[PDB]
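Engineer: coords below, sequence missing:
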């Protein structure tokens, strides 16, 4: 199903958490109400790894990844890396990526099949991403924004993009990502759907402020 929560009084779940079909990463200093949001519906199903990335707790924006792999900034400390390798299943590759366009989580948007990347990314890096995530990579912009991972929430079921994305881009993006895409908002009007919620094939966690209509579109498009 789809639930609501907050990290402190923030609705931007996508900033403090990273969810895939095989694992869940959450910021180290969260409250029980926040952690439960996941523990309560993920149970002993998939690993819920508490962590910091480069010393920060905005792990959702600092990383990108799917079931097969996780990409972390160069500044990820060896301690955080060792802790990740130990907690996450062996089938997932953890690779440091050196890109300075923005935080990995804003530059990359993916599911287990396709990934959109900042349009200014270099070729070497775009191949590394495809390689580690074992996915097809395409440089794109969602409604003009270069921070694709910030304006697009994606699973293997469906996806949500910037509310102003034209129908033409939605149709083209649907085809490209192989999932139904719909322009929408999260957390009561926010167009930053990528940072406002986390989602995978069986669960979607968004902020307490997400309206009824917005939650309806979510459980409908992600098929929850």
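Structural biologist: Right, received. Where do you want to start? Residues are numbered from 1 along each chain as shown.
Engineer: which residues touch the residue in the chain sticking out farthest from the centre?
Structural biologist: Distance from the C-alpha centroid of the chain peaks at residue 168, with 23.8 Å (Cα atoms, centre = their mean). With contacts defined as Cβ atoms under 8 Å, 6 or more residues apart in numbering, residue 168 has no neighbours. From N, CA and C alone the C-beta is placed, and that goes for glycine too.
Engineer: part of a helix, is it?
Structural biologist: Yes - assessed by DSSP: H, G, I helix; E, B strand; the rest coil, residue 168 belongs to a helix.
Engineer: do you know how far it is from residue 175?
Structural biologist: With distances taken as Cβ to Cβ, to the nearest Å, residue 168 is found 11 Å from residue 175.
Engineer: again, but for residue 27
Structural biologist: 35 Å.
Engineer: between these two, who's got more neighbours?
Structural biologist: residue 27 (21 against 10; other Cβ atoms under 10 Å).
Engineer: So that one is in contact with residue 55, correct?
Structural biologist: No - counting by Cβ atoms under 8 Å, residue 27 sits too far from residue 55 to count as a contact (11.8 Å).
Engineer: Check the contact lists of these two and give me the overlap.
Structural biologist: With Cβ under 8 Å, 6+ apart, residue 27 and residue 55 have no common neighbours.
Engineer: Would you mind measuring from residue 110 to residue 159?
Structural biologist: For residue 110, the distance to residue 159 equals 10 Å [Cβ to Cβ].
Engineer: Could you do residue 118 as well?
Structural biologist: Using Cβ to Cβ, residue 118 is found at 18 Å from residue 159.
Engineer: more neighbours, those two?
Structural biologist: A count of neighbours by other Cβ under 10 Å puts residue 159 above the other of residue 118 and residue 159, at 26 against 23.
Engineer: was I right about that one contacting residue 176?
Structural biologist: No - assessed by Cβ under 8 Å, residue 159 is found out of contact with residue 176, at 10.3 Å.
Engineer: Return every residue with contacts to both of these two.
Structural biologist: Counting by Cβ under 8 Å, 6+ apart, residue 159 and residue 176 have no shared contacts at all.
Engineer: Distance of the residue nearest to residue 159 when sequence neighbours are not counted relative to residue 157?
Structural biologist: Nearest residue to residue 159, sequence neighbours excluded (Cβ to Cβ, 6 or more residues apart in numbering): residue 181, at 4.5 Å. Per Cβ to Cβ, residue 181 is found 11 Å from residue 157.
Engineer: Return the distance of residue 144 relative to residue 167.
Structural biologist: For residue 144 relative to residue 167 (Cβ to Cβ), the value is 15 Å.
Engineer: and if you look at residue 203?
Structural biologist: From residue 203 to residue 167 the distance is 28 Å (Cβ to Cβ).
Engineer: So for these two, which residue has more residues nearby?
Structural biologist: residue 203 (23 against 9).
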